[PDB]
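Peer 1: One structure follows; several queries about it will come next.
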Amino acid sequence: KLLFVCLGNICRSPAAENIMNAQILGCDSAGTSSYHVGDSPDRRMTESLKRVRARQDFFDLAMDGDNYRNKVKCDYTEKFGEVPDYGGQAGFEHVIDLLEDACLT
């Protein structure tokens, strides 16, 4: 069982969970903050080409350094030189770009 973790579990780790599901030989996601528990993934992140409920476990992968530190593991990124978090749509595609590289299997 693989668990992908970001801060609110509405943008990054929900994307990681679906990318990994598609790449997989067959995931879940959650968040360090429970402020968004029960919400659907961010409307902008579901919108794309590119199929994406927030919940707040120690499973058999952190999106940024704050999620990770400061079984636990961008260090599977092989092509693109964190998975970045108040932005326009281009930042959402970059998140997907990084997860298609990193998504490890």
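One-based numbering along the chain as shown.
Including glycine, each Cβ sits where the backbone N, Cα and C put it.
The active site, nucleophile feature in Swiss-Prot is assigned to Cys6; the stated evidence is similarity to another entry. Annotation source Swiss-Prot lists active site at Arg12, citing similarity to another entry. Feature annotation from Swiss-Prot assigns active site, proton donor to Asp85.
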Peer 1: Cα-Cα separation of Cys6 (active site, nucleophile) and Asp85 (active site, proton donor), in Å?
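Peer 2: For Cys6 (active site, nucleophile) versus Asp85 (active site, proton donor), the Cα atoms are 9 Å apart.
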Peer 1: Which residues, sitting 6 or more apart from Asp85 (active site, proton donor) on the same chain, put a CB under 8 Å from its CB?
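Peer 2: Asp85 (active site, proton donor) has long-range Cβ partners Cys6, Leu7, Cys11, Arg12, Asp64.
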Peer 1: Comparing the active-site residues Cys6, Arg12, which residue's C-beta has the most other C-beta atoms within 10 angstroms in this structure?
Peer 2: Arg12
